[PDB]
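Visitor: need coordinates for the below:
(2 chains)
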Amino acid sequence: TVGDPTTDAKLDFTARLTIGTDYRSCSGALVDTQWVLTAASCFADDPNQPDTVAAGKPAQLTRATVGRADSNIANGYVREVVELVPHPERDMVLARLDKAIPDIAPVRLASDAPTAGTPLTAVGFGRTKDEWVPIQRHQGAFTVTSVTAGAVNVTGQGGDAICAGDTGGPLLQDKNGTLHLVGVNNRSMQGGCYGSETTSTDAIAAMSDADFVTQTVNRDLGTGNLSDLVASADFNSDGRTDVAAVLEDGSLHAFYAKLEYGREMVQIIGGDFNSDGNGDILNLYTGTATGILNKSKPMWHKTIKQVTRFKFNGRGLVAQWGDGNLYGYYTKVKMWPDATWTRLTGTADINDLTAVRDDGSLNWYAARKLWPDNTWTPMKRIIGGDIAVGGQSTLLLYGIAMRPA
Amino acid sequence: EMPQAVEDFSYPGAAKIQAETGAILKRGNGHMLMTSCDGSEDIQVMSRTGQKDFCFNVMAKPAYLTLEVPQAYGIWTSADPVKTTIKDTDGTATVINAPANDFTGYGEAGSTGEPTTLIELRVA
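Guide: Numbers count the residues shown, from 1 in each chain, chains lettered A, B, ... in the order given. The coordinates are given below.
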């Protein structure tokens, strides 16, 4: 990367990493305060065959400095790498740091590929035309020549080739001040470099992968100590009922059914109450096309024990009152002739309202026995036709572990 | 097919230098460059082989470069102490600490008269 030096706070999300004392060195960039994205080849015995770069601890002590645009000053943060998470298909790895850097923001990821003719920029700590190792990081300019299967081909504009030490460095495309990561540099012709010569300025970079990062960075949102506030609804317009749950951070997170993790109160109930096509969550939080809930509003103008979802005439709630009676609400109807209600659960298309008795027996109302054994005593907040938080607070589907471990 | 853009700390252009100056270079921390001797002298090495002499420039401190120069006899320093490792013909290595802004010699033009080889040049 041969161009002007830059120390401005536009590209301070970049990083430089070294492996061992003098074994290997390459570039990278932040995707989170705890995570840095680089190439997998940096950790390979043979960088041209990054197949043996397994997940786990680095083979050699690996360290990275973040935001240190100028190597002659102490500005920036220094962190150690503890774990690596390689991409299953291409030359890309996520590095987990021992400690976070909350002061430096990550770079946003691109939603799609750049096309041929698109003006891209790149920044890194690699070699220059006249220096083996630079003092400051430099920014160059490249154009897209073509797009291939999971990668983007670029060329230098007016020279400025990708050289050496640029591996793992970001490819960026900005719009209206917003920077998105479009790919990661892997290989290059290295023309116009100190100590070598070739005419070509061509280079290839791995295509940015938002899902790879999302399911790694947020890999551990759940599986730990979660609240009992769980509900089901279609939150991604997929036709598959998803699951939302509240974590220790007090926020509601959506996990999508295929459970994969998304990006973004005594009892919680969902469902498409207004038939808007976007699942909702006594105040109603309406769903939107982006999967984000809007500001809630009262559903009405305190002696109820349990409330669960129930579909009435295609659209609803059922409330179990402290007097043992169960009523449905749209206008209300009696769900059962007498006060015979028992743990109330949500509904499911078994052939239907599920329920759990104090003796551990599971049944459903059109009651009829739903489970051969009587082991549902400790089960709470059972949600919906497939259908409990479990004794370990891990949601099971009937009991398959829908959540990762 | 394109090579990986990974820094291996191998001196850039070392292959061409061997052909042109006769000196060979291997690994370093990248903060020392081989340059010409023309009013830009920093650390200068004199020998009786290759193209007689050549100069190096320090980009940052600390710095080192494990270059090899047969039959060396003299070194110039400037604005910095220089730690030099040389080796005898019997394989034994020793270290000479040269003062800043002065001139010192090696075996051949030193105390032993031995035709020693430069193994490592290190910047304080």
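Visitor: C-alpha only now, for contacts and for neighbours.
Guide: Will do.
Visitor: what's near enough to touch the residue nearest to the spatial centre of chain A?
Guide: Centroid-nearest residue in chain A: residue A:214, 2.4 Å away (criterion: Cα atoms, centre = their mean). Applying Cα atoms under 8 Å, 6 or more residues apart in numbering or on different chains, we find residue A:214 in contact with A:261, A:262, A:263.
Visitor: give me the element it is part of.
Guide: helix A:210-217 (DSSP states H and E).
Visitor: buried ones in that helix?
Guide: Along helix A:210-217, these residues count as buried under the neighbour rule (16 or more other Cα atoms under 10 Å in any protein chain shown): A:210, A:212, A:213, A:217.
Visitor: save the residues you listed as TSV, and put in distance to residue B:74 too.
Guide: Below are these laid out as TSV (distance: Cα to Cα, whole Å):
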residue	distance to residue B:74
A:210	59
A:212	58
A:213	56
A:217	57
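Visitor: quick revisit: which of the contacts of residue A:214 has the most neighbours?
Guide: Among the contacts of residue A:214, residue A:261 has the most neighbours (other Cα atoms under 10 Å in any protein chain shown), with 23 neighbours.
Visitor: so that residue sits right up against residue A:219, yeah?
Guide: Yes - using Cα atoms under 8 Å, residue A:261 is in contact with residue A:219, at 7.3 Å.
Visitor: thinking again about what came up before, from residue B:24, how far out is the residue nearest to the centre of chain A?
Guide: Distance of residue A:214 to residue B:24, computed by Cα to Cα, to the nearest Å: 48 Å.
Visitor: over to residue A:188?
Guide: Residue A:188 is 26 Å from residue B:24, where distance means Cα to Cα.
Visitor: who has more neighbours, those two?
Guide: residue A:188 (25 against 18).
Visitor: so who does the more buried one touch?
Guide: Residues counted as contacts of residue A:188 (Cα under 8 Å, 6+ apart) are A:161, A:162, A:163, A:201, A:202, A:203, A:204, B:2, B:3, B:4, B:5.
Visitor: repeat that for residue A:338.
Guide: When contacts are counted by Cα under 8 Å, 6+ apart, residue A:338 is found next to A:324, A:325.
Visitor: swap in residue B:12?
Guide: A:132, A:194, A:195, A:196.
Visitor: phi first, then psi, for it.
Guide: Dihedral pair for residue B:12: phi -60, psi 130, per degrees, to the nearest 10.
Visitor: equivalent analysis for the one 10 residues further on, please.
Guide: Here is the backbone geometry of residue B:22 (degrees, to the nearest 10): phi 100, psi -10.
Visitor: thought it was touching residue B:52?
Guide: No - with contacts counted by Cα under 8 Å, residue B:22 stays clear of residue B:52, the gap being 9.2 Å.
Visitor: so these two - more neighbours on which side?
Guide: The neighbour comparison of residue B:22 against residue B:52 (other Cα under 10 Å) goes to residue B:22, with 17 against 13.
Visitor: residue contacts, the more buried one?
Guide: Residues in contact with residue B:22 (Cα under 8 Å, 6+ apart) are B:49, B:50, B:51.
Visitor: got the phi/psi numbers for the second one?
Guide: Torsion angles at residue B:50 (phi, psi; degrees, to the nearest 10) stand at phi 60, psi -130.
Visitor: show me which residues of chain B are close to chain A?
Guide: Within chain B, the residues that sit near chain A (Cα under 8 Å from any Cα of the partner chain) are B:2-9, B:11-14, B:28-31, B:33.
Visitor: and those residues, which of them are in helices?
Guide: residue B:14 (DSSP state H).
Visitor: now restrict the residues of chain B next to chain A to buried residues only.
Guide: B:4-9, B:11-14, B:28-31, B:33.
Visitor: let me know the closest of the residues you listed to residue A:56.
Guide: Of all those, residue A:56 sits closest to residue B:6, with 21.5 Å by Cα to Cα.
Visitor: could you check how far the closest one is from residue A:85?
Guide: With Cα to Cα as the criterion, residue B:6 and residue A:85 are 19 Å apart.
Visitor: now the strands for chain B?
Guide: B:32-35, B:43-47, B:53-58, B:63-65, B:72-76, B:82-87, B:93-98, B:103-105, B:117-123 (DSSP state E).
Visitor: closest one to residue A:19 among those?
Guide: Of the strands of chain B, nearest to residue A:19 by Cα to Cα is strand B:63-65, at 17.9 Å.
Visitor: hang on, residue A:355 packs against residue A:344?
Guide: Yes - taking Cα under 8 Å as the definition, residue A:355 is a contact partner of residue A:344 at 5.3 Å.
Visitor: and the stretch 101-250 of chain A, which residues reach chain B?
Guide: Residues of the stretch 101-250 of chain A lying near chain B (Cα under 8 Å from any Cα): A:126, A:131-133, A:162-167, A:185-190, A:194-196, A:203.
Visitor: in strands, which of those residues fall?
Guide: Short answer: those in strands (DSSP E) are A:185, A:186, A:187, A:188, A:203.
Visitor: which residues touch residue A:358?
Guide: A:342, A:343, A:377.
Visitor: the same query, at a cut-off of 7 Å, please.
Guide: Residue A:358 makes contact with A:342, A:377, according to Cα atoms under 7 Å, 6 or more residues apart in numbering or on different chains.
Visitor: quick check, it in a helix?
Guide: No - judged by DSSP: H, G, I helix; E, B strand; the rest coil, residue A:358 forms no part of a helix; its state is coil.
Visitor: distance of it from chain B?
Guide: Separation of residue A:358 from chain B (Cα to the nearest Cα, to the nearest Å) stands at 65 Å.
Visitor: one more: residue A:104?
Guide: For residue A:104, the distance to chain B - Cα to the nearest Cα - is 25 Å.
Visitor: picking up where we left off before, among the contacts of residue B:12, which one has the most neighbours?
Guide: In terms of neighbours by other Cα under 10 Å, the contacts of residue B:12 top out with residue A:132 at 24 neighbours.
Visitor: please name the residues that touch the nearest residue to it once chain neighbours are set aside.
Guide: Using Cα to Cα, 6 or more residues apart in numbering or on different chains and skipping residues adjacent in sequence, the residue nearest residue A:132 is residue B:30, 5.8 Å away. By Cα under 7 Å, 6+ apart, the residues touching residue B:30 are A:132, A:133, B:9.
Visitor: from the chain's centre, how far out does stretch A:178-190 sit?
Guide: Distance of stretch A:178-190 from the chain centroid (Cα atoms, centre = their mean, to the nearest Å) equals 21 Å.
Visitor: for it, output the C-alpha coordinates as CSV.
Guide: C-alpha atoms of stretch A:178-190 as CSV (Å, rounded to 0.1, in the frame of the first residue of the first chain):
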residue,chain,number,x,y,z
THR,A,178,-19.9,5.9,6.9
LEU,A,179,-17.2,3.3,6.3
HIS,A,180,-18.0,-0.4,5.6
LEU,A,181,-15.6,-3.3,5.3
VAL,A,182,-15.9,-5.0,2.0
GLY,A,183,-13.0,-7.5,2.2
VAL,A,184,-9.6,-8.5,3.6
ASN,A,185,-6.3,-8.5,1.6
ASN,A,186,-4.8,-11.9,1.1
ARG,A,187,-2.4,-11.9,-1.9
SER,A,188,-0.8,-9.4,-4.3
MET,A,189,1.6,-8.9,-7.2
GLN,A,190,3.6,-6.5,-5.0
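Visitor: that one: which residues count as buried?
Guide: Here stretch A:178-190 shows A:179, A:180, A:181, A:182, A:183, A:184, A:185, A:186, A:187, A:188, A:189, A:190 as buried, counting by 16+ other Cα under 10 Å.
Visitor: would you confirm that the fourth one contacts residue A:110?
Guide: Yes - the pair residue A:182 / residue A:110 is scored as a contact, 5.3 Å apart, by Cα atoms under 7 Å.
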